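Taking the form deposited in one PDB entry, here's one chain by itself in C-alpha cells.
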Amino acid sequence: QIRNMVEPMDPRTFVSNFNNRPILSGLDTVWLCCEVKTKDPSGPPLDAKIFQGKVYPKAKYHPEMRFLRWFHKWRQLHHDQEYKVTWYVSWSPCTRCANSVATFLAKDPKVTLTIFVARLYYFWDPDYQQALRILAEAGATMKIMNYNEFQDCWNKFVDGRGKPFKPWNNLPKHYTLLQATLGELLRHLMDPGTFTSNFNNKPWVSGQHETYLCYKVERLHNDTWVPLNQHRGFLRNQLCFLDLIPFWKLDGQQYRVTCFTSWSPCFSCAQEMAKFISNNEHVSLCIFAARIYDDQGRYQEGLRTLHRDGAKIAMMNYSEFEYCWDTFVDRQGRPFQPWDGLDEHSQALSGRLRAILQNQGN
C-alpha cells in the first residue's frame, strides 16, 4: 500500500538519481524514500513519504531534516509506540545531517532507523567518514542499496506502471565497491602517525590545529564498573560528543564515560559537557587531556565549571597513552612507543591543571 501512501516519483528521475556509479559529479539532488512501521515486522507500513532536496549549502532543507520535522509532527498524531523507519536515499547524509539524525537517535529510545544509500557522498573525505561512524554509533543501521533494495524502491515509490525493475549494467560491481568502502570506513581506527602527532604532550611546535577525542563507556553492575566494548569511539574536531552516545541502549543503570582528548576542552565544549552532565544524573564524566589548551580567553572558567558540575579532569600519563594506543589506533600489532620525558611533561602539565582547578588556598 506504500504506492497509495505516497506521490510516487517518475521512472526517469529514479534511474537518474539512484544510479550507483560511485562517482557522479552533477547530481546535486537528493531523494529520500521513507517508510514507517511498528516494531513487529509482520505488520504493514503505517505511512510512507518521499522527500527531495539539494545537496549544497543550507542543510536545514536537506531531505533528512525535512524527514525529522515531518516525523516529529507525525508522531504527535498517533498513539505513542515504537517505530522502525527505513530510508532509501540516493546520497548518504552530509556531516550536519549526520549529527542531527545521530543525536535524535541517541536521545529517542522508541525509534529504529535503517538507512540504505545508493551512493556514498564524499566517501574520500575524512569528515564524511566520521559522519558515517557517528550515525552508526548512535544506532542507525547503515547499508549500501543492493539490487534487491533498488527493486523494492522501484516497486514501492516509483510509478513503474506494472513494469518490473530492470537493473543497469555494473549495478553489482558498483555495489561491491561501495560496500567495501562503507565497511572499511566504518571499521577505521586512528592512524599511528595521527596518534603520535596529536597526543604528544611536548609543547606545541607545529600543526595540531585540530582536537582528537577518544572515549569509552562503562556501566555499573553490583558496584563494579563493567566496560561496554561495543560503544567506544574517536572523533576529530576543529555539539558535544556525549549527545551522540545512545545511553538508552546500554544495559541500564549508571554510566561512566571516560574521555581522552589531545587538547583540553575549549570553553564552549566544557560548557556543553557541563550542561550534559548536569541534565543527566545517571552519567559520570572522566576527562583526560594530553595538553592544556590556552585559548587566551575563558578556558580556565570552563574547566572549573566542568569540575564543579561533577566531572573528573586530569592529564594523560603513560597509562592513558598506552591504553589509547592499544584501543583506538590501527597499531598493527606494534606496541606503544613512549617518547622521552613523557612522564615529566605529564607531571608538569598536571601541576598546571591542579593550579587551574584549585579553589581554596592553603
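Note that residue numbering begins at 1 and tracks the sequence as displayed.
Absent from the display: the form deposited in another entry. The rest refers to it.
J.: At the hinge between the two rigid parts, which of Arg187, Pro45, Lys58, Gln76 do we find when the chain moves between this form and the one not shown?
T.: Every other option is far from a hinge; the hinge one is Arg187.
J.: Look at the CA atoms of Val111 and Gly252: state whether they lie closer or farther apart in the other form than in this form, given a difference of 3 Å or more.
T.: They are farther apart; the C-alpha distance rises by 3 Å or more in the other form.
J.: Taking the shown form as reference, are the C-alpha positions of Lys110 and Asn279 brought closer or pushed farther apart in the other form, with a change of 3 Å or more?
T.: It is farther: in the other form, the C-alpha atoms of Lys110 and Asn279 lie at least 3 Å more apart than they do here.
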